[PDB]
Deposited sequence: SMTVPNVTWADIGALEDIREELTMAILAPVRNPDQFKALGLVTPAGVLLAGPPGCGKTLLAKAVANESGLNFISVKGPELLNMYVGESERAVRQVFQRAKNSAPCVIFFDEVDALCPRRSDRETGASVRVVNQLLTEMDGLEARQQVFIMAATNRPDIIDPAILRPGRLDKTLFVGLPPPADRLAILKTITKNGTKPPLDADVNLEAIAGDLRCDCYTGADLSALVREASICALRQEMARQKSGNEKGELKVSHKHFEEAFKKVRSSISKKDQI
């Protein structure tokens, strides 16, 4: 275990522990932060581990792409910010992922609306931010100040436990793609060639195996597919 176990603990202490033990939580002087910052090179599985942790805890997940939110310059951007926080509150417990939070926080007012909405959040509301960047030294240190995205989590090469978690999310626990009984994800995650794997190679491993399964038909994903997929992992990471 590596980054998975860290992301797991930060969610429980902001969406499970404060609701389940309010008198104990508020007695230790604990205050839920708006979110966490995921930092590391792209393709390491920041998004997949965020979705993995939400799933296993029975939480909702709402994504936001940093460059996509520049739809209406200053305009509908702030209204979208406001809607994503609103959407998350109606579908609580929910996690609001700000993918590529950098360069969105390098408009000088959307940072204030992001800080507004983050400061506007309470533990009762059961909403947890997860932001992602490849360069934390470039983001606004305002969004990183205590109460906001105060705990930074570094995501590097996933250890064997993070790989099975990533695989249980990509395959949606062997339902999308549907896996047959001969496929043991725990054996795939612990494989020799997976020890150097990024989140992207795991993501490509499932695609390639699924592509094999769709290519043969021209439905389930077999160990044979995963075997042929390892010979085809030409992931950009």
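Deposited sequence positions missing from the model - stretches, numbered from 1, in order: Residues lacking C-alpha coordinates: 1-11, 118-126, 239-249, 269-274.
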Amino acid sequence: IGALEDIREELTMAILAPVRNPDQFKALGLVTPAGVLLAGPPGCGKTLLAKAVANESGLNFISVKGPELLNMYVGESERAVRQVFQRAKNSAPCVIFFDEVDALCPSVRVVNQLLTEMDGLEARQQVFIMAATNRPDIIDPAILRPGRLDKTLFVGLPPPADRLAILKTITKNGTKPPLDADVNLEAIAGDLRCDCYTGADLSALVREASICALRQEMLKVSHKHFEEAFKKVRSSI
From here on, numbers count along this sequence of modelled residues.
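Higher-scoring stretch by recorded Cα B factor average, 67-75 or 157-165: Taking the mean B-factor of the alpha carbons in each, 67-75 is higher.
Mean C-alpha temperature factor, higher of 147-155 and 78-86: That would be 78-86.
Deposited CA B-factor, highest of 194, 34, 183, 27: Among 194, 34, 183, 27, the highest C-alpha B-factor in the entry belongs to 183.
Chain-relative CA temperature factor third for residue 112: As the PDB entry reports it, the C-alpha B-factor of residue 112 lands in the highest third of its chain.
Ranked against its chain, the third holding the CA B-factor of residue 59: Its C-alpha B-factor, which the entry lists for residue 59, ranks in the middle third among residues of this chain.
Within-chain third of residue 44 by Cα B-factor, per the entry: CA B-factor rank for residue 44: middle third.
Chain-relative CA temperature factor third for residue 178: As the PDB entry reports it, the C-alpha B-factor of residue 178 lands in the highest third of its chain.
B-factor third for the C-alpha atom of residue 138 within its chain: For residue 138, the deposited C-alpha B-factor lands in the highest third.
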